[PDB]
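**Student:** output the structure for:
(6 chains, ligands or ions: 2)
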Amino acid sequence: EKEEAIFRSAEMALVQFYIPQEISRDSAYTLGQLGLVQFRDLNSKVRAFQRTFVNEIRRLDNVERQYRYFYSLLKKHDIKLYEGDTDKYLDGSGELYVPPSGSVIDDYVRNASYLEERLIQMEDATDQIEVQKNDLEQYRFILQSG
Amino acid sequence: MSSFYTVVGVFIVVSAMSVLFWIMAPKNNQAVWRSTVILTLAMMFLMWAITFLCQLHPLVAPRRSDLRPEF
Amino acid sequence: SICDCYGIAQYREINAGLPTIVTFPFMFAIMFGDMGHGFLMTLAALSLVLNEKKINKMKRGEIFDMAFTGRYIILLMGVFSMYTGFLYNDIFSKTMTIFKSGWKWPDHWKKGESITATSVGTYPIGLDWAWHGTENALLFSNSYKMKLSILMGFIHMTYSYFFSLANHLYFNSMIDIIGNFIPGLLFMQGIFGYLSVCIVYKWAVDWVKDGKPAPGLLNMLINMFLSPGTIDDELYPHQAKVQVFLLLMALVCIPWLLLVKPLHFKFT
Amino acid sequence: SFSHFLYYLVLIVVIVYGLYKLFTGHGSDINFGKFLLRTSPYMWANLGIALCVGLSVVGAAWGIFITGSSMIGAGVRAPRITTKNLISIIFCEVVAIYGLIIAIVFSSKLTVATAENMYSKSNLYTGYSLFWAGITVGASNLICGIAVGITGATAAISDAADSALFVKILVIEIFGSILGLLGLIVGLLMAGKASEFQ
Amino acid sequence: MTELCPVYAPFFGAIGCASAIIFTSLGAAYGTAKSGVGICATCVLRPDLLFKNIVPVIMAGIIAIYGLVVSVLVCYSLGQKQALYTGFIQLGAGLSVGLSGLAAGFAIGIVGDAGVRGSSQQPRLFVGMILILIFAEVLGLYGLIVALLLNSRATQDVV
Amino acid sequence: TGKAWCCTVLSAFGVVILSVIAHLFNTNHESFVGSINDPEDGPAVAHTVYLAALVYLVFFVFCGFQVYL
Ligand SMILES: CCCCCCCC/C=C/CCCCCCCC(=O)OC[C@H](COP(=O)(O)OCCN)OC(=O)CCCCCCC/C=C/CCCCCCCC
Ligand SMILES: CCCCCCCC/C=C\CCCCCCCC(=O)OC[C@H](COP(=O)(O)OCCN)OC(=O)CCCCCCC/C=C/CCCCCCCC
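**Tutor:** Numbering: from 1, shown residues only, chains lettered A, B, ... in the order given. Ligands and ions are numbered 1, 2, ... in the order given. Here you go, the structure:
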């Protein structure tokens, strides 16, 4: 009894969700695996910083910044980037799977912050040597002339 | 026998196959078969009939000075 | 994806996507209209359809997407261009000679002598190949293709106007029918349907045999506004008594379209 | 300047030439009446058909780059407008269609005439009419095309500001389009009674 | 030589044949140079858009093929002894396609120059230029149609 | 590669169109020899066009092996 929606648009319904705070994080993964639901913005008057999950989002926003820094140094060199299984999560057919933990995500934070402190130093210990180099080649090239 | 009745006799044959296909169109994607075929046969008819009617009683006849006498 | 560029449809209205599957490539083939150039399009797309599994996996450019995203649009612009070219009878600027011709030349002539052909029958499917190479060939085709174009847009427009009705009857908006639909229908059908009925009627009359003179339709359409009750050449009996009525009917439908719906708002 | 100097050096030769002929008793020699009579009415009729579809295409092509160059600039930040503001490119193209309907009507009136009846009352009448009717339709659609482009370059900028304002400026863009439709009417009335060359 | 066949009569054909390729060439040059300078400005930073932005340079090249098609058809209707009816037909045909393509050409340049610069900054703005630019290439065509209607009547029933 | 596909599809239909043309000159079809400005001798032109098609046929089979490998 599934409808066809080509002569006219498909019929829709508005639904309400009573989610406990314990399983809010877990339910949201499953709703995204479907790809069927379009959420309204109930908190439409609240300013952008007065919203409640803003602090959780900055921890993850900072991480994406730290990854953009990495992809830049790579492209600065001739390295190619590994490409993994784009289908290991899903095949786009609405299948279920279990999401990560909260501790795994907290490990990406300290790891990514820990890598930024090393690479930022290893790059400056490299560049300062190359400055000493270019200065001497110019001092060397000039001497070759008669 | 070529006449305006000849256009009607096609329109009867064509206005009936549209009806039979309406009945017999399969259930899967029923609207695409049903609209596309009925709407295709119609614009195939209108462009035939226009091209036929412009020739029954024409008001100017073809004229040239370029043929060979042998023909 | 073509209609969605122009706009996203209202909830539960007629989609503009079903008619567009046929009317988009058929209007193309009226213009394009050739069996050679159409057979080439048909192959160029039929390579994209058969190798779609290979192509979809591999990575694509930006031009090669749209040629692939519309690989079925191009298939139907090719098939229909082989139908329309067959009727126009044009294959790489040349003609086919399938059937007997409805025209006949003199039994005898000489070099350089302008010769005219005499009628025998009607050609069944398409334009007769006697016109090819002829001196007066455009005078025939230009008159033919104009009257094709006017008739094929009147049908395309009216059919899309009966989708307004199909919506009003689904949302139960009765006033818009009496307010918008029925007056606007009479406006254009009485003017541009009368034109289209007269083109089909003039083609269906043997004017020379009957002895009466064929009338011009551009002047007949102008003078009915400028000078009603007047005729120079008659197309059918009681022509003037019907023209002035159609003028009367169109002028009534203007204020009825203008006033009827706001008054219902005020009266509620 | 130079270009304006020549405009004043032409005016000064037309005057000194007119007074040479007049004071000498030869002012009849400058006769516009014979020129209108002896010139061929096919000249006047084939200029008008050309200056109708030519001057109408100048106007249409004009408004398309005023409306087109602003939309593309406005469309950088508001790319959603290029299909909503498309209606302004449509009212600018359509004045060219009006100049092509005339040339269909007038081309029918081009027929060959005998040499004895060439400079007759009716065949001179028919050359004068298709000249000024073509001027009329062409020079009037030239004006309706430039105007609608100006109107429709603003409606692109207003729509990028706010979607609501687009509708309000269309009313100005419709009234401008009436100018081309009136010109078509006036031309058909001129050439209504004109008859094909005998 | 005759009241209907003077000796200055071919002047309007030869001048009409010439003015069809002169006026359409000028248009397709304004629209090639103008457009062509935007392509040489965006593809210093975005060389990946080069082959996609030559589309204005194509549209103007078609304006020139129209004027060539009218010069080829009126040329074979010329003769030492032709009527004055025929000559002014040959004129209006060239003055129509020429004046129409000149105008279309300039618009192709002004609009094509802006599109190539914008679409580099907004890739959704390419299709918007391809639309606007077809309504210019079709005005060179509307002049071609007039030239063809008239040429048919050129040597019809002449004596 | 594309340097070879070009003359493969090009010379594919040169074999086809030029052969259909030559067939018609040979049989003296009205549309090809009917007017006076058309050539006077039908088969003479076909003899010249049968050979021209063979030249495209060689380019076809050659480039077929080139792309096939
Ligand atoms: C000082 C010289 C150096 C500079 C040269 C630059 C060009 C100067 C202008 C040249 C044209 C004007 C001089 C020639 C006019 C006289 C020709 C002539 O005798 O023709 C007569 C004859 C009529 O003879 P009858 O009716 O029997 O009457 C008896 C004769 N009176 O009429 C004609 O042949 C008229 C022909 C005139 C053509 C003039 C125009 C030539 C073309 C110039 C085009 C310039 C504009 C650019 C066009 C761009 C688009 C294609
Ligand atoms: C001018 C002379 C050269 C001409 C060269 C032509 C080359 C062939 C080009 C392809 C033509 C056939 C395909 C067009 C029909 C299908 C278009 C279509 O489906 O568009 C969808 C698309 C929406 O989705 P996307 O933006 O594709 O993103 C989601 C995709 N899943 O639709 C729209 O944007 C709406 C407008 C549709 C019509 C647009 C047509 C534009 C054609 C431009 C041709 C450009 C040619 C460039 C040539 C450069 C050569 C080096």
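
**Student:** tell me, what residue is most central in chain F?
**Tutor:** In chain F, the residue lying closest to the centroid (C-alpha atoms, centre = their mean) is residue F:18, at 2.7 Å.

**Student:** excluding its backbone neighbours, what's nearest it?
**Tutor:** Leaving aside its chain neighbours, residue F:18 sits nearest to residue F:53 (4.1 Å; criterion: C-beta to C-beta, 6 or more residues apart in numbering or on different chains). Just so you know, the C-beta spots here come from the backbone N, C-alpha and C atoms, and that holds for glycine as well.

**Student:** if I look at that neighbour, how far off is chain C?
**Tutor:** As judged by C-beta to the nearest C-beta, to the nearest Å, residue F:53 and chain C stand 16 Å apart.

**Student:** may I have the secondary structure class of that residue?
**Tutor:** helix (DSSP: H, G, I helix; E, B strand; the rest coil).

**Student:** quick one, phi/psi of residue 52?
**Tutor:** Using chain A here. phi -90, psi -40 (degrees, to the nearest 10).

**Student:** if we can go back for a sec, mind listing what the residue nearest to the centre of chain F touches?
**Tutor:** Residues counted as contacts of residue F:18 (C-beta atoms under 8 Å, 6 or more residues apart in numbering or on different chains) are F:49, F:52-53, F:56.

**Student:** report the buried members of these.
**Tutor:** F:49, F:53, F:56 (16 or more other C-beta atoms under 10 Å in any protein chain shown).

**Student:** please list all residues in contact with the most centrally placed residue in chain D.
**Tutor:** In chain D, the C-alpha closest to the average C-alpha coordinate belongs to residue D:138, at a distance of 1.7 Å (C-alpha atoms, centre = their mean). The neighbours of residue D:138, taking C-beta under 8 Å, 6+ apart as the test, are D:51-56, D:99.

**Student:** right, quick check: stretch C:156-168 against chain A, any contact?
**Tutor:** No. Using C-beta under 8 Å from any C-beta of the partner chain, stretch C:156-168 stays clear of chain A, with a minimum separation of 9.5 Å.

**Student:** for that stretch, which outside residues touch it?
**Tutor:** Contact with stretch C:156-168 is made by C:13-14, C:19, C:23, C:174, C:176-177, C:180-181, C:184-185, C:188-189, as judged by C-beta under 8 Å, 6+ apart.

**Student:** can you name the residue of chain A nearest to chain E?
**Tutor:** Proximity of chain A to chain E (C-beta to the nearest C-beta) peaks at residue A:75, 16.2 Å away.

**Student:** let me redo that: the stretch 1-150 of chain C
**Tutor:** For the stretch 1-150 of chain C, C-beta to the nearest C-beta, closest residue to chain E: residue C:138, 4.9 Å.

**Student:** what's the neighbour count on that residue?
**Tutor:** 16 (other C-beta atoms under 10 Å in any protein chain shown).

**Student:** now it. Nearest residue, chain neighbours left out?
**Tutor:** residue E:152 (4.9 Å).

**Student:** in terms of helix, strand or coil, where does residue C:233 fall?
**Tutor:** coil.

**Student:** give me every residue that touches it.
**Tutor:** C:212-216.

**Student:** among the contacts of residue D:138, which ones are in helices?
**Tutor:** Of the positions in these, D:51-56, D:99 sit in helices, assigned by DSSP state H.

**Student:** show me what contacts the residue positioned nearest the centre of chain A?
**Tutor:** Residue closest to the mean C-alpha point of chain A, counted by C-alpha atoms, centre = their mean, is residue A:64 at 4.6 Å. Residue A:64 sits next to no residue when contact means C-beta under 8 Å, 6+ apart.

**Student:** give me the buried positions along the host helix or strand of it.
**Tutor:** For residue A:64, the host element (DSSP states H and E) is helix A:54-76. For helix A:54-76, a neighbour-count test (16+ other C-beta under 10 Å) marks A:63, A:66 as buried.

**Student:** could you dump it to CSV, C-alpha only?
**Tutor:** Only the C-alpha atoms of helix A:54-76 are listed here, as CSV (Å, rounded to 0.1, in the frame of the first residue of the first chain):
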residue,chain,number,x,y,z
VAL,A,54,27.2,25.0,22.4
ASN,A,55,30.0,23.9,24.7
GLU,A,56,30.0,20.4,23.4
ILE,A,57,30.3,21.7,19.8
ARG,A,58,33.4,23.8,20.4
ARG,A,59,35.4,20.7,21.5
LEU,A,60,34.6,19.2,18.1
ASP,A,61,34.9,22.4,16.1
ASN,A,62,38.5,22.8,17.4
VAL,A,63,39.3,19.2,16.3
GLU,A,64,38.2,19.9,12.7
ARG,A,65,40.5,22.9,12.7
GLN,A,66,43.4,20.7,13.9
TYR,A,67,42.7,18.3,11.1
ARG,A,68,42.6,21.0,8.4
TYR,A,69,46.1,21.9,9.6
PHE,A,70,47.3,18.4,9.0
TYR,A,71,45.8,18.1,5.5
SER,A,72,47.7,21.3,4.6
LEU,A,73,51.1,20.0,5.6
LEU,A,74,50.4,16.9,3.6
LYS,A,75,49.5,18.8,0.5
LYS,A,76,52.5,21.0,1.0
